[PDB]
Amino acid sequence: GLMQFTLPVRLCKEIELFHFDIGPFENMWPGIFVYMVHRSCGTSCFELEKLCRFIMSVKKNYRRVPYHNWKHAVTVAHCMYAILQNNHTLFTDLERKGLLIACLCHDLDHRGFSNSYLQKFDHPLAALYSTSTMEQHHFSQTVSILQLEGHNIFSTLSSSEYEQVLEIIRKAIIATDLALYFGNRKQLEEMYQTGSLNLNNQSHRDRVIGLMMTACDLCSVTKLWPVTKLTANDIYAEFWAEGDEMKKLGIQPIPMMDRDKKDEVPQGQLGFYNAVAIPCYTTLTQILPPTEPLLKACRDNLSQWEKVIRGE
Ligand SMILES: Cn1cc(-c2ccccc2)nc1CSc1nc2ccccn2n1
Ligand SMILES: [Mg+2]
Ligand SMILES: [Zn+2]
């Protein structure tokens, strides 16, 4: 059924653009992902049946949380697709498969709870994974689906390449732990300003992929303002529900997760743009000039938040 899906020709044009918003096309998301894999990686590299099977299983293991859900997975994969299409030749074919798959799978089985929560309230997952808690779990879920019957889309890879693609996927998913981003962007920016960055240097290459994963993960801020606004609602719906569980336990949450502090949201976004998103896309545009429209769109939404703060 996914196997016989064909993308409407109007989308074939729009999907290539960074600002493309998948939201209005829920029924088409699995088929959008196939399309993107076929365009980037070619039509002959995965068995169609397996890919579709794998996709429908990835969907099934995303939970119905307000933000970290199937819609989010596809949004992040789409941003990567546009990054890759615009920078096709800088990356190996193996990196394109892994990085599209990693993005689809990067928040697999998210409960609507942060790493801090699981750590603070000594959740089992935080016992198995001490840092990048959920992110290690997300990868562990990725491998588990790959290992299901008729799901191993990489089964025609040699052993060497299978373990290469898993490693690209592992690093990529871990990179989506925002705690790791700040150090990553700092190094990458220094490597850039000192003329020392080298894409054939593998550790550098891992870092650039890291920044890409971040840039994809945050990409709500690069959509048109009305889509940006509406996604923020999803983000805070999930944060506030976590802060609610903390209050039930007589723990005052951080303001970000306290629905009683929503007046502080516009300034909370403002800060996030200044400390996180603007710098991300700034360094990303430096390394990969064709990704500039992400920074442009990010800047436009920053100034919308600046407008909001002052009664506009
Ligand atoms: C950091 N922060 C802090 C606040 C805030 C909100 C209300 C009260 C006090 C602080 N909001 C934020 C924005 S959190 C965030 N995370 C993502 C991921 C993708 C796209 C947008 N955001 N915003
Ligand atoms: Mg995540
Ligand atoms: Zn994510």
Side-chain angles (χ1 to χ4, degrees), residues 11 13-25 29 32-33 36 39-40 66-88 90-91 99-100 102-104 106-107 172 175-178 181-182 184-185 188-189 192 208-236 238-239 265-306 308-309:
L11 272 34
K13 183 133 73 180
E14 286 186 13
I15 193 153
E16 299 295 327
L17 288 34
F18 284 108
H19 73 97
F20 179 76
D21 172 24
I22 61 141
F25 315 100
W29 296 341
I32 284 163
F33 182 72
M36 288 187 306
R39 299 296 278 182
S40 192
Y67 183 60
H68 287 102
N69 55 37
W70 173 238
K71 184 187 189 175
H72 171 69
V74 189
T75 306
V76 175
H78 169 269
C79 185
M80 185 54 78
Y81 169 70
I83 291 185
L84 297 174
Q85 289 286 96
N86 280 265
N87 296 277
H88 194 266
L90 292 176
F91 306 87
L99 285 184
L100 288 161
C103 282
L104 198 72
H106 83 277
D107 277 324
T176 65
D177 176 4
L178 199 79
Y181 154 77
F182 298 101
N184 192 40
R185 195 220 79 100
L188 251 9
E189 173 80 356
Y192 176 74
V208 169
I209 287 169
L211 189 57
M212 284 165 57
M213 292 296 295
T214 305
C216 292
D217 206 13
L218 300 194
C219 76
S220 0
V221 306
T222 71
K223 310 303 179 173
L224 295 174
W225 172 239
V227 177
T228 301
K229 231 287 164 100
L230 225 47
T231 300
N233 294 322
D234 296 343
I235 290 168
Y236 289 109
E238 195 178 309
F239 289 162
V265 157
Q267 186 65 50
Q269 288 292 308
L270 207 302
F272 184 79
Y273 277 66
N274 284 332
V276 193
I278 289 294
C280 174
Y281 296 106
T282 293
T283 303
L284 186 75
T285 286
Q286 286 160 11
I287 298 171
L288 303 181
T291 71
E292 184 176 311
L294 293 176
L295 178 54
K296 216 259 169 216
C298 185
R299 278 165 181 168
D300 288 333
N301 295 130
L302 155 69
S303 99
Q304 288 292 123
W305 286 113
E306 285 170 342
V308 162
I309 286 173

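FYI, the numbering just counts along the sequence from 1. Heavy-atom basis, side chains included; hydrogens, waters and symmetry copies ignored.
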statement: Rounded to the nearest 0.5 Å, the CG atom of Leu284 sits from the CD atom of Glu292 at a distance of 11.5 Å

Set of side-chain hydrogen bond (donor to acceptor under 3.5 Å, both in side chains) partners for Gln286, sequence neighbours left out: none

message: Just verifying a value: how many Å separate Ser303 OG and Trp225 CH2, rounded to the nearest 0.5 Å?
response: 9.0 Å

Any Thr176 side-chain heavy atom under 4.5 Å of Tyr181 side chain: no

message: Considering only residues two or more places apart or on different chains, which pairs with a residue in residues 73-88 satisfy salt bridge (charged side-chain N to carboxylate O under 4.0 Å, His left out)?
response: none

message: Any heavy-atom pair between the side chains of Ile32 and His78 that's under 4.5 Å?
response: no

message: Any non-hydrogen side-chain atom of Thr285 less than 4.5 Å from a side-chain atom of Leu294?
response: no

- prompt: Which value, rounded to the nearest 0.5 Å, describes the distance between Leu100 atom CG and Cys216 atom SG?
  reply: 9.0 Å

query: Distance-only, no hydrogens or angles: does the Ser220 side chain make a donor-acceptor pair with backbone N or O of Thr228 under 3.5 Å?
result: no

Those residues that, when tested against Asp217, pass side-chain hydrogen bond (donor to acceptor under 3.5 Å, both in side chains) (two or more places apart): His72, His106

field: Donor-acceptor under 3.5 Å (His19 side chain, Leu224 main chain)
entry: no

statement: So CD1 of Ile309 and CD of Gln304: to nearest 0.5 Å the spacing works out to 12.0 Å

task: Check whether any side-chain N or O of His88 sits under 3.5 Å from a backbone N or O of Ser40 as a donor-acceptor pair, and report yes or no.
output: yes

Just list the side-chain donor-acceptor pairs under 3.5 Å for residues 271-283, sequence neighbours left out, or say none.
from: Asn274; atom 1: ND2; to: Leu270; atom 2: O; distance (Å): 3.4
from: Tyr281; atom 1: OH; to: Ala215; atom 2: O; distance (Å): 2.5
from: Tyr281; atom 1: OH; to: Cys219; atom 2: N; distance (Å): 3.4
from: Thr282; atom 1: OG1; to: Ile278; atom 2: O; distance (Å): 2.7
from: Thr283; atom 1: OG1; to: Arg185; atom 2: NH1; distance (Å): 2.7
from: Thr283; atom 1: OG1; to: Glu189; atom 2: OE1; distance (Å): 2.9
from: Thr283; atom 1: OG1; to: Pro279; atom 2: O; distance (Å): 3.4

field: Parallel, tilted or perpendicular: rings of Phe20 and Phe25 (30°, 60°)
entry: parallel

message: In the structure I gave you, are the side-chain heavy atoms of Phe18 and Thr222 within less than 4.5 Å of one another anywhere?
response: no

task: Output all residues satisfying side-chain contact (heavy atoms from CB on, under 4.5 Å) with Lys296, sequence neighbours left out; order by chain, then residue number.
output: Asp300

message: Filter on salt bridge (charged side-chain N to carboxylate O under 4.0 Å, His left out), then keep only pairs touching residues 72-85, sequence neighbours left out; what's left?
response: none

- prompt: Side chains of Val76 and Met80: does their closest heavy-atom pair fall under 4.5 Å?
  reply: no

Close side-chain approach of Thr231 to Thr75, heavy-atom, < 4.5 Å: no

task: Give a yes or no answer on whether the side chain of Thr214 reaches the backbone of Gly210 with a donor-acceptor pair at less than 3.5 Å.
output: yes

- request: Answer yes or no: is there a side-chain heavy-atom contact under 4.5 Å between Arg39 and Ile15?
  value: no

query: Does the side chain of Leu188 come within less than 4.5 Å of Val208's, by heavy atoms?
result: yes

